[PDB]
Amino acid sequence: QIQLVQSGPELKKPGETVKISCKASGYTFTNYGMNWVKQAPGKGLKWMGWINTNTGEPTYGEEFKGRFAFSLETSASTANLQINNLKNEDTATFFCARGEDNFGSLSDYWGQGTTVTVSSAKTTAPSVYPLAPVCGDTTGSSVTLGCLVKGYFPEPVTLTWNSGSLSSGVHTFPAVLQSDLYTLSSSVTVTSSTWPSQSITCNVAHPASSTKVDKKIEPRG
Amino acid sequence: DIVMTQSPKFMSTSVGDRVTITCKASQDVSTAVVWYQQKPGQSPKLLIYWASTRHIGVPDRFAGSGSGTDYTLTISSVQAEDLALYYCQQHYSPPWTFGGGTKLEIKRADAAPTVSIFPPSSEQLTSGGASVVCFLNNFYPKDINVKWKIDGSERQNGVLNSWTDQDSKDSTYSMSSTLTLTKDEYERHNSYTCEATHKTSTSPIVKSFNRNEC
């Protein structure tokens with residue numbers, strides 16, 4: 001029924017501009033205006049303003065009057081956020097939310113979020129390494145094995161074990177940034193009957209750098 | 001403006017009991033409080049508005065109450081999948097102000113860590129780098145201290161640790177600790193250890209390696 005689907009996440013060096021789209025589905029655009037909310041990494045949720053999708057008038061929160069500009073491709077049921085002269089402390093996630101009423105006191109139905117990472121760092125493609133055990137039966141007849149996806153910018157990265165056919169007993173850890181780039185890993189635990197016998201592969205796509213890697217975890221023991 | 005204040009910020013209850021989050025406003029907000037729930041790694045969902053009116057399809061176990069400046073959200077039969085950040089928000093005058101959130105942790109019973117250490121990948125070594133990886137999976141409580149020791153010495157430089165937020169299926173945690181080294185420092189040494197100290201024991205859970213056949 002109602003889907004607000006947002007653009008994908010961008011990287012932009014300080015000073016640039018970004019236009020984040022919010023494409024609305026399921027309701028009549030015109031009778032429900034749009035709330036733009038900023039959930040900053042640590043800080044929590046903040047109302048950025050509301051746009052009257054009927055007249056087109058925006059309200060900005062005082063914190064947001066200035067570099068921020070709401071607009072709408074009415075015609076296509078899109079609302080957009082534009083942040084000009086990007087400041088480094090604008091990295092965060094922005095949600096368009098539908099406002100139930102006049103002014104948007106209620107956000108029923110929120111979009112997925114578009115995350116911006118303001119950064120002068122250059123995009124780096126990752127290094128994916130098959131981390132196969134020097135055994136030590138990791139729990140009764142279970143072998144744990146892993147994937148270290150090192151040195152990329154920016155995040156996200158999509159790590160699936162064997163096309164996502166392996167879902168049980170995966171742990172993919174959050175990436176961490178060491179100065180300029182990211183390190184991410186994921187363990188998968190299979191039974192001794194499933195490996196080295198069956199082929200476990202760690203498939204890594206870094207779409208910012210157009211990387212898609214498939215590392216077979218070779219037995220190497 | 002009206003300033004919404006949430007405290008505590010972290011809360012724990014086991015499966016099946018009640019927990020009650022407190023939220024408070026700076027002036028009479030006249031029962032205009034909304035509660036969103038934001039499941040880890042998802043968008044907020046509207047739970048309750050006008051302090052008690054549950055939205056379309058949020059189960060009766062979630063119940064809002066409150067008056068004047070004091071509001072509170074209660075969940076009964078806490079589900080494992082109820083782990084999330086709860087935000088309260090005033091909706092009486094613009095700007096709409098949100099409280100800072102409160103994290104619900106589900107108070108599981110203790111589980112010992114499945115520790116696993118990993119030699120440098122060979123291809124990594126070709127790149128001139130050596131990273132020893134160590135997984136400590138499905139432990140509970142959150143608190144675990146991991147120390148590396150190379151050839152006996154507490155290695156404390158070059159480590160990146162990462163954590164899983166609590167699982168929505170079995171309420172445990174998981175952590176990585178990656179000790180990255182130079183090929184040459186790796187080949188200058190020989191015993192590499194991931195020692196973990198966690199409530200489940202007296203004795204440090206120890207995993208060590210040096211490549212040997214299985």
# chains A, B, ... in the order shown; residues from 1 in each chain; ligands from 1
call {"tool": "closest_atom_pairs", "arguments": {"of": "chain A", "to": "chain B", "cutoff": "6 Å", "atoms": "only C-alpha atoms", "output": "JSON lines"}}
result
{"residue": "A:44", "atom": "CA", "partner": "B:100", "partner_atom": "CA", "distance": 5.6}
{"residue": "A:105", "atom": "CA", "partner": "B:91", "partner_atom": "CA", "distance": 5.1}
{"residue": "A:108", "atom": "CA", "partner": "B:46", "partner_atom": "CA", "distance": 5.6}
{"residue": "A:112", "atom": "CA", "partner": "B:43", "partner_atom": "CA", "distance": 5.8}
{"residue": "A:134", "atom": "CA", "partner": "B:211", "partner_atom": "CA", "distance": 5.9}
{"residue": "A:173", "atom": "CA", "partner": "B:164", "partner_atom": "CA", "distance": 5.7}
{"residue": "A:221", "atom": "CA", "partner": "B:213", "partner_atom": "CA", "distance": 5.4}
call {"tool": "write_last_selection", "arguments": {"atoms": "N, CA, C and O atoms", "output": "PDB file, in the first residue's frame"}}
result
ATOM      1  N   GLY A  44      20.241  10.932  17.535  1.00  0.00           N
ATOM      2  CA  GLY A  44      18.793  10.671  17.555  1.00  0.00           C
ATOM      3  C   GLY A  44      17.968  11.365  16.449  1.00  0.00           C
ATOM      4  O   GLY A  44      18.533  11.801  15.431  1.00  0.00           O
ATOM      5  N   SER A 105       2.429  16.455  12.332  1.00  0.00           N
ATOM      6  CA  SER A 105       2.721  16.194  13.710  1.00  0.00           C
ATOM      7  C   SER A 105       2.895  14.717  13.899  1.00  0.00           C
ATOM      8  O   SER A 105       3.501  14.296  14.873  1.00  0.00           O
ATOM      9  N   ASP A 108       3.126   8.838  10.101  1.00  0.00           N
ATOM     10  CA  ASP A 108       2.726   7.459   9.963  1.00  0.00           C
ATOM     11  C   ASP A 108       3.499   7.206   8.665  1.00  0.00           C
ATOM     12  O   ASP A 108       3.766   8.137   7.895  1.00  0.00           O
ATOM     13  N   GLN A 112      12.795   4.445   3.712  1.00  0.00           N
ATOM     14  CA  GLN A 112      13.985   3.694   4.116  1.00  0.00           C
ATOM     15  C   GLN A 112      15.187   4.505   4.614  1.00  0.00           C
ATOM     16  O   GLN A 112      16.011   4.014   5.375  1.00  0.00           O
ATOM     17  N   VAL A 134      42.549 -22.961  10.828  1.00  0.00           N
ATOM     18  CA  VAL A 134      43.632 -23.893  11.089  1.00  0.00           C
ATOM     19  C   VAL A 134      42.918 -24.759  12.165  1.00  0.00           C
ATOM     20  O   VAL A 134      43.208 -24.770  13.362  1.00  0.00           O
ATOM     21  N   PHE A 173      29.664  -8.532  10.776  1.00  0.00           N
ATOM     22  CA  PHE A 173      29.921  -7.447  11.721  1.00  0.00           C
ATOM     23  C   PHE A 173      29.832  -6.059  11.079  1.00  0.00           C
ATOM     24  O   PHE A 173      30.010  -5.903   9.857  1.00  0.00           O
ATOM     25  N   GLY A 221      44.362 -26.364   4.974  1.00  0.00           N
ATOM     26  CA  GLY A 221      44.707 -26.934   6.261  1.00  0.00           C
ATOM     27  C   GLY A 221      45.341 -28.302   6.047  1.00  0.00           C
ATOM     28  O   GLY A 221      45.422 -28.750   4.897  1.00  0.00           O
TER      29      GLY A 221
END
call {"tool": "residues_around", "arguments": {"residues": "range 174-189 of chain A", "least_positions_apart": "4", "cutoff": "10 Å", "atoms": "only C-alpha atoms", "output": "PyMOL selection string"}}
result
(chain A and resi 119-129+131+138-139+142-157+159-161+166-170+194-195+200+202) or (chain B and resi 116+133-137+160-165+174-178)
call {"tool": "select_by_dssp", "arguments": {"residues": "range 17-73 of chain A", "states": "helix (DSSP H, G or I)", "output": "PyMOL selection string"}}
result
chain A and resi 29-31+62-64
call {"tool": "write_last_selection", "arguments": {"atoms": "N, CA and C atoms", "output": "tab-separated table (two decimals), in the first residue's frame"}}
result
chain	number	residue	atom	x	y	z
A	29	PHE	N	-0.84	11.79	-3.13
A	29	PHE	CA	0.26	12.70	-2.79
A	29	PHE	C	-0.12	14.04	-2.16
A	30	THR	N	-1.12	14.57	-2.84
A	30	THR	CA	-1.75	15.85	-2.62
A	30	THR	C	-2.52	16.11	-1.35
A	31	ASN	N	-2.98	15.05	-0.70
A	31	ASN	CA	-3.72	15.26	0.52
A	31	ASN	C	-2.85	15.00	1.73
A	62	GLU	N	14.12	25.85	12.38
A	62	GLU	CA	15.11	26.92	12.38
A	62	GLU	C	16.51	26.37	12.15
A	63	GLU	N	16.86	25.22	12.72
A	63	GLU	CA	18.14	24.59	12.48
A	63	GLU	C	18.46	24.36	10.99
A	64	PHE	N	17.42	24.37	10.13
A	64	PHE	CA	17.53	23.97	8.74
A	64	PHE	C	17.19	25.03	7.70
call {"tool": "closest_residue", "arguments": {"among": "B:145, B:168, B:191, B:182", "to": "residue 205 in chain B", "atoms": "only C-alpha atoms"}}
result
B:145
call {"tool": "closest_residue", "arguments": {"among": "B:159, B:83, B:4, B:179", "to": "residue 70 in chain B", "atoms": "only C-alpha atoms"}}
result
B:4
call {"tool": "atom_distance", "arguments": {"atom1": "CA of residue 106 in chain B", "atom2": "CA of residue 9 in chain B"}}
result
14.0 Å
call {"tool": "atom_distance", "arguments": {"atom1": "CA of residue 130 in chain A", "atom2": "CA of residue 169 in chain B"}}
result
27.1 Å
call {"tool": "closest_residue", "arguments": {"among": "B:146, B:109, B:88, B:51", "to": "residue 22 in chain B", "atoms": "only C-alpha atoms"}}
result
B:88
